[PDB]
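Residue numbers for the sequence shown, in the UniProt record's numbering: 3533 to 3573, 3592 to 3659, 3669 to 3737, 3741 to 3860, 3867 to 3882.
The beta carbon of each residue, even a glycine, is placed where N, CA and C say it ideally should be.
Down below is the structure, laid out as structure tokens.
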Amino acid sequence: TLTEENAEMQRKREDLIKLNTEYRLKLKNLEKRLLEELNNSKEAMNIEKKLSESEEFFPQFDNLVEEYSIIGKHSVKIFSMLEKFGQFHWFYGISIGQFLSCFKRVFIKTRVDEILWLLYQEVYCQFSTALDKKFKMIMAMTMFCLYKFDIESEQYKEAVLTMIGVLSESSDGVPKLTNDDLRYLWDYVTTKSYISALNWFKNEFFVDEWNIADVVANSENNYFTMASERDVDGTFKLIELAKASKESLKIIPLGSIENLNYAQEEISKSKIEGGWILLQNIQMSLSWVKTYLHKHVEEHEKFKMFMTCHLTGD
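Dropping the structure here:
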């Protein structure tokens, strides 16, 4: 935030660095001049004045770091339950440098309210494409709670908690409502269409939901992991997407050693000259993948490569 969000913060940081360098250079020049004068027996004032002028920056820095603290607490909570989903299942891992990159993208894409809303929407659309639908709406309602319970009063919070409780069959009670929305919410929960209530909360807050094409388009990497349950398969959907993307997607199911060698040759060719390779059901030769693909991973453009795994698998 200090580096990029405000040009004043970075310009005073650079000014402090330049003032320190100028003071050191002036001290060295004064020492050399004193040695020369002893052997033979303006700039320092300007540097001192510049240092004294730049010393009037601590209250400004304190104000800037204080004004951006609630967003920091929100980010800590966001990372908290993002990492907590990594413990519920073995398929919801969340990185750290990826979070740094997505914050940089938020900077690239009431100033405080606007920037926190932008962070919420962009981090949600970049980090919620790695969950199944029920856990996606769990993320939706948790993030909606962290937004609303901090930007709204606590009577609205109590109303939301008692609506979640009657949704969870934990309690029954009339909420202390305070418009045209919660009346429709009570109409839905009296109609008992629960997924309609969840979709109504979503449409009440969420305005955009990234699809598969956008999430595979908004990336500069060449390695992608594709996951689906055993009752679903986006392989032919990926063929249709690649046809829309005018890319040659060459599906290779794993299997016998000849199939593994063919897949290795094809991905070598696709790294050499480009192309799209969809390794169907990479759980097939799990150890072969875990050795060969890991060794290959650990630079040609217009090359994307996908995995394929299953939820109830290895």
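Counting pairs of Cβ atoms below 8 Å between the region 3748-3767 and the region 3840-3860, do you hit three or more? Not touching, per the Cβ criterion.
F3871, DSSP secondary structure in three states: Here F3871 carries a strand assignment [DSSP, helix/strand/coil].
I'd like to check one pair, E3616 with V3671: are the Cβ atoms closer than 9 Å? With contacts defined as CB atoms closer than 9 Å, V3671 and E3616 fail to qualify as a contacting pair.
Ends of the alpha helix (DSSP H) at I3644? Where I3644 is concerned, there is no enclosing alpha helix (DSSP H), given that its DSSP letter is neither H nor E.
The beta strand (DSSP E) that contains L3841, what's its start and end? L3841 -> beta strand (DSSP E) spans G3837 to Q3842.
Backbone CA spacing between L3816 and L3690 [nearest angstrom]: Across the structure, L3816 and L3690 are spaced so that their CA atoms are roughly 25 Å apart.
Measure the Cβ-Cβ separation of residue 3892 and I3621 and say whether it is below 9 Å. A question about residue 3892 goes unanswered here, because the residues of the chain that appear run from 3533 up to 3882.
For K3812, which of helix, strand or coil comes out of DSSP? Here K3812 carries a strand assignment [DSSP, helix/strand/coil].
Where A3699 falls: helix, strand or coil (DSSP): It is helical.
Segments of 4+ residues assigned as alpha helix (DSSP H) that fall wholly inside the region 3745-3806: Those alpha helix (DSSP H) runs which fall completely within the region 3745-3806 and span 4+ residues are 3756-3767, 3774-3779 and 3797-3806.
Apply the 10 Å Cβ neighbour rule to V3719 and answer buried if 16 or more other Cβ atoms are within range, or exposed otherwise. By the neighbour-count rule (16 or more Cβ atoms within 10 Å), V3719 is buried.
Over the uninterrupted alpha helix (DSSP H) stretch that includes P3734, give me the two end residues. Secondary structure note for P3734: it is in no alpha helix (DSSP H), with a DSSP letter that is neither H nor E.
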